[PDB]
>>> print(open('target25.tsv').read())   # TSV, C-alpha atoms
chain	number	residue	atom	x	y	z
Q	2	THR	CA	61.56	16.59	13.65
Q	3	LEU	CA	61.37	14.57	10.44
Q	4	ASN	CA	57.99	15.99	9.37
Q	5	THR	CA	58.19	13.85	6.26
Q	6	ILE	CA	56.44	11.35	4.02
Q	7	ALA	CA	58.32	8.04	4.21
Q	8	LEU	CA	57.77	5.18	1.75
Q	9	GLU	CA	58.49	1.62	2.83
Q	10	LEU	CA	60.95	0.16	0.31
Q	11	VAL	CA	61.91	-3.48	0.86
Q	12	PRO	CA	65.33	-4.50	-0.49
Q	13	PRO	CA	65.09	-6.90	-3.43
Q	14	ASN	CA	65.98	-10.58	-3.43
Q	15	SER	CA	69.75	-10.98	-3.73
Q	16	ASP	CA	69.64	-14.64	-4.81
Q	17	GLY	CA	70.13	-13.87	-8.50
Q	18	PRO	CA	73.27	-13.57	-10.63
Q	19	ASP	CA	73.32	-9.77	-10.26
Q	20	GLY	CA	72.53	-9.67	-6.53
Q	21	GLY	CA	69.33	-7.72	-7.15
Q	22	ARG	CA	71.06	-4.61	-8.52
Q	23	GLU	CA	68.90	-4.26	-11.63
Q	24	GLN	CA	65.81	-5.09	-9.57
Q	25	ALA	CA	66.77	-2.33	-7.13
Q	26	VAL	CA	67.10	0.16	-9.99
Q	27	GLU	CA	63.69	-0.76	-11.42
Q	28	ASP	CA	62.16	-0.50	-7.94
Q	29	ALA	CA	63.47	3.02	-7.37
Q	30	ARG	CA	62.29	4.12	-10.81
Q	31	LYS	CA	58.86	2.54	-10.33
Q	32	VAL	CA	58.53	4.56	-7.12
Q	33	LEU	CA	59.19	7.78	-9.02
Q	34	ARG	CA	56.84	6.70	-11.82
Q	35	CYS	CA	53.95	5.84	-9.49
Q	36	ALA	CA	54.44	9.14	-7.65
Q	37	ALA	CA	54.44	11.07	-10.93
Q	38	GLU	CA	51.34	9.34	-12.34
Q	39	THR	CA	49.35	10.08	-9.17
Q	40	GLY	CA	50.35	13.70	-8.55
Q	41	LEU	CA	52.88	13.07	-5.77
Q	42	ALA	CA	56.12	13.88	-7.60
Q	43	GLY	CA	58.70	15.26	-5.18
Q	44	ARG	CA	56.45	14.70	-2.15
Q	45	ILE	CA	58.32	11.69	-0.72
Q	46	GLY	CA	61.12	12.90	1.53
Q	47	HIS	CA	62.28	9.52	2.83
Q	48	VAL	CA	62.37	5.82	2.02
Q	49	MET	CA	62.02	3.43	4.96
Q	50	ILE	CA	64.25	0.41	4.30
Q	51	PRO	CA	63.54	-2.47	6.73
Q	52	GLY	CA	66.60	-4.26	8.07
Q	53	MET	CA	64.43	-7.17	9.25
Q	54	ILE	CA	61.44	-8.93	7.69
Q	55	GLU	CA	59.09	-11.04	9.80
Q	56	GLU	CA	59.26	-14.70	8.78
Q	57	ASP	CA	56.08	-16.77	8.96
Q	58	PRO	CA	56.95	-20.38	9.90
Q	59	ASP	CA	53.96	-21.68	7.90
Q	60	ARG	CA	54.85	-20.14	4.53
Q	61	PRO	CA	55.66	-23.13	2.28
Q	62	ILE	CA	58.43	-21.51	0.21
Q	63	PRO	CA	61.24	-20.06	2.37
Q	64	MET	CA	62.16	-16.42	1.86
Q	65	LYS	CA	65.05	-15.81	-0.51
Q	66	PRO	CA	68.03	-13.78	0.75
Q	67	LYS	CA	67.72	-10.00	0.68
Q	68	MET	CA	70.14	-7.18	-0.07
Q	69	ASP	CA	71.76	-5.42	2.85
Q	70	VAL	CA	70.07	-2.14	3.76
Q	71	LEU	CA	73.21	-0.20	2.87
Q	72	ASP	CA	73.97	-2.14	-0.32
Q	73	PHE	CA	70.39	-1.47	-1.43
Q	74	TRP	CA	70.66	2.22	-0.51
Q	75	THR	CA	73.95	2.53	-2.42
Q	76	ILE	CA	72.20	1.49	-5.64
Q	77	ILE	CA	68.95	3.45	-5.33
Q	78	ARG	CA	70.37	6.69	-3.91
Q	79	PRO	CA	71.47	8.00	-7.35
Q	80	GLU	CA	68.02	7.05	-8.65
Q	81	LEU	CA	66.22	8.94	-5.85
Q	82	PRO	CA	67.84	12.40	-5.76
Q	83	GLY	CA	66.71	14.56	-2.86
Q	84	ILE	CA	65.12	11.64	-0.97
Q	85	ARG	CA	66.74	10.80	2.37
Q	86	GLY	CA	67.04	7.48	4.20
Q	87	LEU	CA	65.29	5.80	7.12
Q	88	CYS	CA	65.70	2.20	8.23
Q	89	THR	CA	65.24	-0.46	10.86
Q	90	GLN	CA	68.33	-2.19	12.25
Q	91	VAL	CA	68.76	-5.48	14.09
Q	92	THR	CA	71.15	-4.82	16.98
Q	93	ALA	CA	71.28	-8.31	18.54
Q	94	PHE	CA	74.52	-9.17	16.70
Q	95	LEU	CA	76.27	-5.81	17.26
Q	96	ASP	CA	78.32	-5.00	20.33
Q	97	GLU	CA	78.75	-1.34	21.22
Q	98	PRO	CA	81.84	-0.76	19.01
Q	99	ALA	CA	80.16	-2.55	16.09
Q	100	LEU	CA	77.00	-0.50	16.66
Q	101	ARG	CA	79.09	2.68	16.57
Q	102	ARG	CA	80.58	1.66	13.22
Q	103	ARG	CA	77.20	0.77	11.70
Q	104	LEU	CA	75.66	4.05	12.87
Q	105	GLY	CA	78.56	5.98	11.36
Q	106	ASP	CA	78.21	4.10	8.06
Q	107	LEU	CA	74.47	4.82	7.91
Q	108	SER	CA	74.86	8.45	9.01
Q	109	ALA	CA	77.50	9.10	6.34
Q	110	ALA	CA	75.33	7.50	3.63
Q	111	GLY	CA	72.46	9.88	4.42
Q	112	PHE	CA	70.12	8.15	6.86
Q	113	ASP	CA	68.25	10.54	9.16
Q	114	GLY	CA	66.50	8.00	11.37
Q	115	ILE	CA	66.99	4.45	12.59
Q	116	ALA	CA	64.62	2.17	14.50
Q	117	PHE	CA	66.24	-0.71	16.36
Q	118	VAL	CA	64.34	-4.00	16.11
Q	119	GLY	CA	64.69	-7.65	17.06
Q	120	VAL	CA	65.26	-10.88	15.15
Q	121	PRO	CA	62.58	-13.01	13.44
Q	122	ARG	CA	60.67	-15.74	15.25
Q	123	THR	CA	62.78	-18.52	13.74
Q	124	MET	CA	66.17	-16.89	14.42
Q	125	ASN	CA	68.49	-16.90	17.43
Q	131	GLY	CA	74.88	-7.60	21.08
Q	132	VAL	CA	72.86	-4.60	22.23
Q	133	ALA	CA	69.15	-4.79	23.00
Q	134	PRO	CA	67.13	-2.44	20.74
Q	135	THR	CA	65.91	-0.26	23.61
Q	136	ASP	CA	69.42	-0.03	25.07
Q	137	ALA	CA	70.67	1.10	21.64
Q	138	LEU	CA	68.27	4.07	21.42
Q	139	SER	CA	70.55	6.21	23.60
Q	140	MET	CA	73.94	5.14	22.23
Q	141	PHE	CA	76.05	7.46	20.07
Q	142	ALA	CA	72.98	9.67	19.78
Q	143	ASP	CA	74.70	12.17	17.46
Q	144	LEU	CA	74.83	9.53	14.69
Q	145	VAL	CA	71.48	9.19	12.91
Q	146	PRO	CA	69.96	11.40	15.63
Q	147	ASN	CA	66.34	10.36	14.98
Q	148	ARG	CA	66.08	7.19	17.08
Q	149	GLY	CA	62.87	5.24	16.56
Q	150	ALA	CA	60.87	2.73	18.56
Q	151	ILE	CA	58.13	0.49	17.18
Q	152	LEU	CA	54.69	1.44	18.53
Q	153	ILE	CA	51.79	-1.03	18.42
Q	154	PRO	CA	48.89	0.83	20.09
Q	155	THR	CA	46.74	-2.32	20.31
Q	156	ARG	CA	49.39	-4.35	22.16
Q	157	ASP	CA	48.74	-5.09	25.83
Q	158	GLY	CA	50.83	-2.93	28.14
Q	159	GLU	CA	51.98	-0.69	25.28
Q	160	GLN	CA	51.47	2.39	27.48
Q	161	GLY	CA	54.19	1.44	29.94
Q	162	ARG	CA	56.24	-0.22	27.20
Q	163	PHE	CA	56.29	2.78	24.85
Q	164	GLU	CA	56.75	5.15	27.80
Q	165	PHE	CA	59.89	3.28	28.89
Q	166	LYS	CA	61.27	3.40	25.34
Q	167	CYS	CA	60.80	7.18	25.32
Q	168	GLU	CA	62.60	7.34	28.68
Q	169	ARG	CA	65.46	5.36	27.14
Q	170	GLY	CA	65.92	7.78	24.23
Q	171	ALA	CA	63.31	7.12	21.55
Q	172	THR	CA	62.69	10.35	19.63
Q	173	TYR	CA	60.02	8.97	17.29
Q	174	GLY	CA	57.59	6.08	17.24
Q	175	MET	CA	57.02	4.17	14.01
Q	176	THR	CA	53.64	2.50	14.31
Q	177	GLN	CA	52.54	-0.90	13.18
Q	178	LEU	CA	50.19	-0.70	10.20
Q	179	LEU	CA	47.08	1.22	11.30
Q	180	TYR	CA	43.74	-0.34	10.35
Q	181	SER	CA	41.67	1.28	13.11
Q	182	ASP	CA	41.68	4.47	15.17
Q	183	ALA	CA	43.26	2.64	18.13
Q	184	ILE	CA	46.24	5.00	17.80
Q	185	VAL	CA	43.94	7.89	18.72
Q	186	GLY	CA	42.95	6.50	22.12
Q	187	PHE	CA	46.53	5.41	22.79
Q	188	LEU	CA	48.16	8.79	22.15
Q	189	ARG	CA	45.40	10.63	24.04
Q	190	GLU	CA	46.03	8.46	27.10
Q	191	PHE	CA	49.78	8.70	26.52
Q	192	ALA	CA	49.66	12.50	26.35
Q	193	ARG	CA	47.46	12.53	29.46
Q	194	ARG	CA	49.80	10.29	31.46
Q	195	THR	CA	53.21	11.51	30.25
Q	196	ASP	CA	55.07	14.55	29.00
Q	197	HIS	CA	56.70	12.46	26.27
Q	198	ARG	CA	55.92	13.88	22.82
Q	199	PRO	CA	57.95	11.82	20.35
Q	200	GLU	CA	57.23	12.28	16.68
Q	201	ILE	CA	54.74	9.65	15.54
Q	202	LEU	CA	55.46	8.05	12.15
Q	203	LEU	CA	51.94	6.97	11.23
Q	204	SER	CA	52.00	3.76	9.16
Q	205	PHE	CA	49.24	3.11	6.62
Q	206	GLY	CA	49.34	0.13	4.28
Q	207	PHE	CA	47.54	-0.30	0.97
Q	208	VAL	CA	45.56	-3.54	0.79
Q	209	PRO	CA	45.10	-5.11	-2.68
Q	210	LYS	CA	42.76	-7.97	-3.61
Q	211	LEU	CA	45.73	-10.34	-3.34
Q	212	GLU	CA	45.49	-10.03	0.45
Q	213	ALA	CA	42.30	-12.11	0.20
Q	214	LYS	CA	44.37	-15.07	-1.06
Q	215	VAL	CA	47.78	-14.66	0.58
Q	216	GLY	CA	46.74	-13.11	3.89
Q	217	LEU	CA	50.14	-11.51	4.43
Q	218	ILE	CA	48.86	-8.35	6.13
Q	219	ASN	CA	46.34	-10.35	8.18
Q	220	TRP	CA	49.28	-12.31	9.58
Q	221	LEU	CA	51.60	-9.32	10.09
Q	222	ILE	CA	49.18	-7.60	12.49
Q	223	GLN	CA	47.74	-10.71	14.14
Q	224	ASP	CA	47.43	-10.77	17.93
Q	225	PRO	CA	45.45	-13.85	18.99
Q	226	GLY	CA	42.95	-13.11	21.74
Q	227	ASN	CA	43.22	-9.32	21.32
Q	228	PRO	CA	39.74	-8.13	20.25
Q	229	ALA	CA	41.05	-4.73	19.11
Q	230	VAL	CA	43.26	-6.48	16.55
Q	231	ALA	CA	40.37	-8.78	15.64
Q	232	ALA	CA	38.44	-5.69	14.53
Q	233	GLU	CA	41.42	-4.51	12.48
Q	234	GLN	CA	41.86	-7.88	10.77
Q	235	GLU	CA	38.16	-7.85	9.88
Q	236	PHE	CA	38.64	-4.36	8.44
Q	237	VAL	CA	41.58	-5.57	6.32
Q	238	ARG	CA	39.61	-8.61	5.13
Q	239	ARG	CA	36.75	-6.32	4.09
Q	240	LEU	CA	39.08	-3.91	2.27
Q	241	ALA	CA	40.66	-6.78	0.34
Q	242	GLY	CA	37.35	-7.84	-1.22
Q	243	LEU	CA	36.11	-4.38	-2.16
Q	244	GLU	CA	36.37	-2.84	-5.60
Q	245	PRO	CA	39.28	-0.40	-6.04
Q	246	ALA	CA	37.26	2.79	-5.53
Q	247	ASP	CA	35.40	1.51	-2.46
Q	248	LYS	CA	38.60	0.45	-0.70
Q	249	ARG	CA	40.25	3.78	-1.53
Q	250	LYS	CA	37.38	5.60	0.19
Q	251	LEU	CA	37.52	3.39	3.29
Q	252	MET	CA	41.29	3.84	3.67
Q	253	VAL	CA	40.95	7.60	3.16
Q	254	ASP	CA	38.13	7.77	5.72
Q	255	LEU	CA	40.25	5.83	8.21
Q	256	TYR	CA	43.11	8.20	7.40
Q	257	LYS	CA	40.85	11.17	8.19
Q	258	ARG	CA	39.67	9.63	11.48
Q	259	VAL	CA	43.27	9.06	12.58
Q	260	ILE	CA	44.58	12.48	11.53
Q	261	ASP	CA	41.53	14.26	12.96
Q	262	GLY	CA	41.84	12.18	16.13
Q	263	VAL	CA	45.49	12.97	16.88
Q	264	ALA	CA	45.82	16.44	15.35
Q	265	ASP	CA	45.41	18.25	18.70
Q	266	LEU	CA	47.32	15.83	20.95
Q	267	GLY	CA	50.73	17.51	20.67
Q	268	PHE	CA	52.75	14.82	18.87
Q	269	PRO	CA	54.69	15.79	15.73
Q	270	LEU	CA	53.34	13.75	12.83
Q	271	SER	CA	54.94	12.07	9.85
Q	272	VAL	CA	53.26	9.62	7.47
Q	273	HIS	CA	54.58	6.14	6.66
Q	274	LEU	CA	53.25	4.74	3.39
Q	275	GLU	CA	53.44	0.98	2.87
Q	276	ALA	CA	52.37	-1.37	0.06
Q	277	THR	CA	53.06	-4.79	1.56
Q	278	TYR	CA	52.49	-6.52	-1.80
Q	279	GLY	CA	54.58	-4.00	-3.77
Q	280	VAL	CA	54.50	-0.38	-4.91
Q	281	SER	CA	51.76	0.12	-7.49
Q	282	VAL	CA	49.74	2.89	-9.13
Q	283	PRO	CA	46.53	1.87	-7.31
Q	284	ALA	CA	48.48	2.04	-4.05
Q	285	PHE	CA	49.67	5.56	-4.88
Q	286	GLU	CA	46.16	6.59	-5.95
Q	287	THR	CA	45.12	5.91	-2.34
Q	288	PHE	CA	48.25	7.57	-0.95
Q	289	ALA	CA	47.56	10.68	-3.03
Q	290	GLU	CA	44.02	11.12	-1.73
Q	291	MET	CA	45.19	10.58	1.85
Q	292	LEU	CA	47.95	13.18	1.53
Q	293	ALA	CA	45.47	15.46	-0.26
Q	294	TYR	CA	43.48	15.67	2.99
Q	295	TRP	CA	46.50	16.19	5.25
Q	296	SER	CA	50.24	15.94	4.62
Q	297	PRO	CA	53.29	16.66	6.82
>>> encode(input="target25.tsv", output="structure tokens")
Amino acid sequence: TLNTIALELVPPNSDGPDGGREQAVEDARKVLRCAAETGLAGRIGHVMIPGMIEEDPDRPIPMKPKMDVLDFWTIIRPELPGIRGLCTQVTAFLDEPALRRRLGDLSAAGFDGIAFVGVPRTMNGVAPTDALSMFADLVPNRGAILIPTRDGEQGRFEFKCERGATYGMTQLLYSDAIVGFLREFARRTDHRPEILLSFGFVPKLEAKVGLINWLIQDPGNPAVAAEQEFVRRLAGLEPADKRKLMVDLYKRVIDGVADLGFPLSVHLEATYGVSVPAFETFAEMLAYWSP
């Protein structure tokens, strides 16, 4: 059981003369600063470093290269004493021996959990679900991605638990759909993976860029339609009003799943960047319930 507060920390752009090293150091320090200014010093137990970033084909300016998960971790680990590592890992370009070597490298560096994921839309090894069960003593927390609104997620997530998933890291949660999912999942199955509950701060910039709106989109799915409308509302609200709405949602989710039998961790995300306003919302969420 992780039983932790994980912060999403995206590696910096490596296109510059220094490869993003100084940017990585300022990122780690800004995380500690925001936590300190909001009353959450020492509360974060893990950083969640994504090894894959969804690419939107319709973004005009292509995404600059990013640091490797492990290169990024090597720089920020001295800056984040006591905090452990989580990550996502693309497995499509790793055969079983190469997967063994990567798992060993991550395990040695101090990663507790790893979620295997696929490649972006615009991109061309072991399948993520087949990797869950391989070399299970290395990075023993093996994660699957859970999207409770997705069609057929019940049988999909159930099969991933069969195949060795020990925790589920959810897509960003902007409704209480996770409550109905886990209730039905606990009714149908004995599987009780730890659920890493993902909550993402929404700033006013979402109203212009629409990044989060795109990340969660699911055309035709009315449940996601409701969530996108919730995100669009949040983005236009004044800072205090949106903090209350996200905290209320947080309470509905925690209160909805608290008696279902799944171990709970919390996954904090700030899609547009770590900020003090983001951590002001995080703090009030964790003040209601915290792992």
>>> residues_around(input="target25.tsv", residues="residue Q:228", least_positions_apart="4", cutoff="12 Å", atoms="all atoms listed in the file", output="JSON, numbers by chain")
{"Q": [155, 156, 157, 181, 183, 223, 224, 232, 233, 234, 235]}
>>> closest_residue(input="target25.tsv", among="Q:85, Q:31, Q:60, Q:238", to="residue Q:46", atoms="only C-alpha atoms")
Q:85
>>> closest_atom_pairs(input="target25.tsv", of="stretch 56-96 of chain Q", to="stretch 117-125 of chain Q", cutoff="7 Å", atoms="only C-alpha atoms", output="JSON lines")
{"residue": "Q:56", "atom": "CA", "partner": "Q:121", "partner_atom": "CA", "distance": 6.0}
{"residue": "Q:89", "atom": "CA", "partner": "Q:117", "partner_atom": "CA", "distance": 5.6}
{"residue": "Q:90", "atom": "CA", "partner": "Q:117", "partner_atom": "CA", "distance": 4.8}
{"residue": "Q:91", "atom": "CA", "partner": "Q:118", "partner_atom": "CA", "distance": 5.1}
{"residue": "Q:92", "atom": "CA", "partner": "Q:117", "partner_atom": "CA", "distance": 6.4}
{"residue": "Q:93", "atom": "CA", "partner": "Q:119", "partner_atom": "CA", "distance": 6.8}
>>> closest_atom_pairs(input="target25.tsv", of="stretch 41-119 of chain Q", to="stretch 283-295 of chain Q", cutoff="12 Å", atoms="only C-alpha atoms", output="Markdown table")
| residue | atom | partner | partner_atom | distance |
| --- | --- | --- | --- | --- |
| Q:41 | CA | Q:289 | CA | 6.4 |
| Q:42 | CA | Q:289 | CA | 10.2 |
| Q:44 | CA | Q:292 | CA | 9.4 |
| Q:45 | CA | Q:292 | CA | 10.7 |
>>> residues_around(input="target25.tsv", residues="residue Q:179", least_positions_apart="5", cutoff="8 Å", atoms="all atoms listed in the file", output="number ranges by chain")
Q: 184, 203-206
>>> residues_around(input="target25.tsv", residues="residue Q:171", least_positions_apart="4", cutoff="9 Å", atoms="all atoms listed in the file", output="PyMOL selection string")
chain Q and resi 116+135+138-139+147-150+163+165-167+199
>>> write_last_selection(input="target25.tsv", atoms="C-alpha atoms", output="PDB file, in the frame of the given file")
ATOM      1  CA  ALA Q 116      64.620   2.170  14.500  1.00  0.00           C
ATOM      2  CA  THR Q 135      65.910  -0.260  23.610  1.00  0.00           C
ATOM      3  CA  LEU Q 138      68.270   4.070  21.420  1.00  0.00           C
ATOM      4  CA  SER Q 139      70.550   6.210  23.600  1.00  0.00           C
ATOM      5  CA  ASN Q 147      66.340  10.360  14.980  1.00  0.00           C
ATOM      6  CA  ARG Q 148      66.080   7.190  17.080  1.00  0.00           C
ATOM      7  CA  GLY Q 149      62.870   5.240  16.560  1.00  0.00           C
ATOM      8  CA  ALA Q 150      60.870   2.730  18.560  1.00  0.00           C
ATOM      9  CA  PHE Q 163      56.290   2.780  24.850  1.00  0.00           C
ATOM     10  CA  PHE Q 165      59.890   3.280  28.890  1.00  0.00           C
ATOM     11  CA  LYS Q 166      61.270   3.400  25.340  1.00  0.00           C
ATOM     12  CA  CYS Q 167      60.800   7.180  25.320  1.00  0.00           C
ATOM     13  CA  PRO Q 199      57.950  11.820  20.350  1.00  0.00           C
TER      14      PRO Q 199
END
>>> atom_distance(input="target25.tsv", atom1="atom CA of residue Q:39", atom2="atom CA of residue Q:272")
17.1 Å
>>> residues_around(input="target25.tsv", residues="stretch 50-52 of chain Q", least_positions_apart="6", cutoff="7 Å", atoms="all atoms listed in the file", output="number ranges by chain")
Q: 9-12, 70, 87-91
>>> write_last_selection(input="target25.tsv", atoms="C-alpha atoms", output="PDB file, keeping the file's coordinate frame")
ATOM      1  CA  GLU Q   9      58.490   1.620   2.830  1.00  0.00           C
ATOM      2  CA  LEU Q  10      60.950   0.160   0.310  1.00  0.00           C
ATOM      3  CA  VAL Q  11      61.910  -3.480   0.860  1.00  0.00           C
ATOM      4  CA  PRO Q  12      65.330  -4.500  -0.490  1.00  0.00           C
ATOM      5  CA  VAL Q  70      70.070  -2.140   3.760  1.00  0.00           C
ATOM      6  CA  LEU Q  87      65.290   5.800   7.120  1.00  0.00           C
ATOM      7  CA  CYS Q  88      65.700   2.200   8.230  1.00  0.00           C
ATOM      8  CA  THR Q  89      65.240  -0.460  10.860  1.00  0.00           C
ATOM      9  CA  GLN Q  90      68.330  -2.190  12.250  1.00  0.00           C
ATOM     10  CA  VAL Q  91      68.760  -5.480  14.090  1.00  0.00           C
TER      11      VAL Q  91
END
>>> decode(input="target25.tsv", residues="stretch 36-88 of chain Q", atoms="C-alpha atoms", output="PDB file, in the first residue's frame")
ATOM      1  CA  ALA Q  36       3.801  23.351  -0.163  1.00  0.00           C
ATOM      2  CA  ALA Q  37       5.375  25.488   2.566  1.00  0.00           C
ATOM      3  CA  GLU Q  38       3.314  28.603   1.796  1.00  0.00           C
ATOM      4  CA  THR Q  39       0.052  26.613   1.939  1.00  0.00           C
ATOM      5  CA  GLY Q  40       0.671  24.512   5.057  1.00  0.00           C
ATOM      6  CA  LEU Q  41       1.568  21.242   3.302  1.00  0.00           C
ATOM      7  CA  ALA Q  42       5.299  21.071   4.067  1.00  0.00           C
ATOM      8  CA  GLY Q  43       6.423  17.451   4.322  1.00  0.00           C
ATOM      9  CA  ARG Q  44       3.006  16.100   3.305  1.00  0.00           C
ATOM     10  CA  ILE Q  45       3.943  15.011  -0.229  1.00  0.00           C
ATOM     11  CA  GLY Q  46       5.350  11.488  -0.131  1.00  0.00           C
ATOM     12  CA  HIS Q  47       5.731  10.944  -3.871  1.00  0.00           C
ATOM     13  CA  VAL Q  48       6.162  12.742  -7.175  1.00  0.00           C
ATOM     14  CA  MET Q  49       4.443  11.184 -10.197  1.00  0.00           C
ATOM     15  CA  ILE Q  50       6.694  11.688 -13.233  1.00  0.00           C
ATOM     16  CA  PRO Q  51       4.895  10.879 -16.522  1.00  0.00           C
ATOM     17  CA  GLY Q  52       6.938   8.948 -19.056  1.00  0.00           C
ATOM     18  CA  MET Q  53       4.448   9.845 -21.800  1.00  0.00           C
ATOM     19  CA  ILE Q  54       2.537  13.046 -22.589  1.00  0.00           C
ATOM     20  CA  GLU Q  55      -0.549  12.997 -24.797  1.00  0.00           C
ATOM     21  CA  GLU Q  56       0.065  14.921 -28.022  1.00  0.00           C
ATOM     22  CA  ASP Q  57      -2.832  16.851 -29.548  1.00  0.00           C
ATOM     23  CA  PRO Q  58      -2.544  16.806 -33.368  1.00  0.00           C
ATOM     24  CA  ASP Q  59      -4.230  20.228 -33.588  1.00  0.00           C
ATOM     25  CA  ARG Q  60      -1.838  22.170 -31.338  1.00  0.00           C
ATOM     26  CA  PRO Q  61      -0.076  24.621 -33.697  1.00  0.00           C
ATOM     27  CA  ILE Q  62       3.353  24.604 -32.025  1.00  0.00           C
ATOM     28  CA  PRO Q  63       4.813  21.077 -31.670  1.00  0.00           C
ATOM     29  CA  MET Q  64       5.890  19.955 -28.220  1.00  0.00           C
ATOM     30  CA  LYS Q  65       9.566  20.439 -27.444  1.00  0.00           C
ATOM     31  CA  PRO Q  66      11.608  17.413 -26.317  1.00  0.00           C
ATOM     32  CA  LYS Q  67      11.392  16.419 -22.662  1.00  0.00           C
ATOM     33  CA  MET Q  68      13.895  15.085 -20.162  1.00  0.00           C
ATOM     34  CA  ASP Q  69      13.951  11.356 -19.539  1.00  0.00           C
ATOM     35  CA  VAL Q  70      12.056  10.326 -16.411  1.00  0.00           C
ATOM     36  CA  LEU Q  71      15.257   9.049 -14.808  1.00  0.00           C
ATOM     37  CA  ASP Q  72      17.427  11.987 -15.897  1.00  0.00           C
ATOM     38  CA  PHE Q  73      14.807  14.316 -14.402  1.00  0.00           C
ATOM     39  CA  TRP Q  74      14.635  12.265 -11.196  1.00  0.00           C
ATOM     40  CA  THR Q  75      18.432  12.286 -10.895  1.00  0.00           C
ATOM     41  CA  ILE Q  76      18.419  16.094 -10.731  1.00  0.00           C
ATOM     42  CA  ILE Q  77      15.431  16.683  -8.446  1.00  0.00           C
ATOM     43  CA  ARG Q  78      16.024  13.834  -5.976  1.00  0.00           C
ATOM     44  CA  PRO Q  79      18.642  15.804  -3.968  1.00  0.00           C
ATOM     45  CA  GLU Q  80      16.216  18.745  -3.979  1.00  0.00           C
ATOM     46  CA  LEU Q  81      13.312  16.617  -2.663  1.00  0.00           C
ATOM     47  CA  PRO Q  82      14.719  14.729   0.338  1.00  0.00           C
ATOM     48  CA  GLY Q  83      12.366  12.136   1.774  1.00  0.00           C
ATOM     49  CA  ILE Q  84      10.052  12.181  -1.262  1.00  0.00           C
ATOM     50  CA  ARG Q  85       9.876   8.922  -3.228  1.00  0.00           C
ATOM     51  CA  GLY Q  86       9.248   8.303  -6.927  1.00  0.00           C
ATOM     52  CA  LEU Q  87       6.313   7.173  -9.041  1.00  0.00           C
ATOM     53  CA  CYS Q  88       6.118   7.187 -12.825  1.00  0.00           C
TER      54      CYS Q  88
END
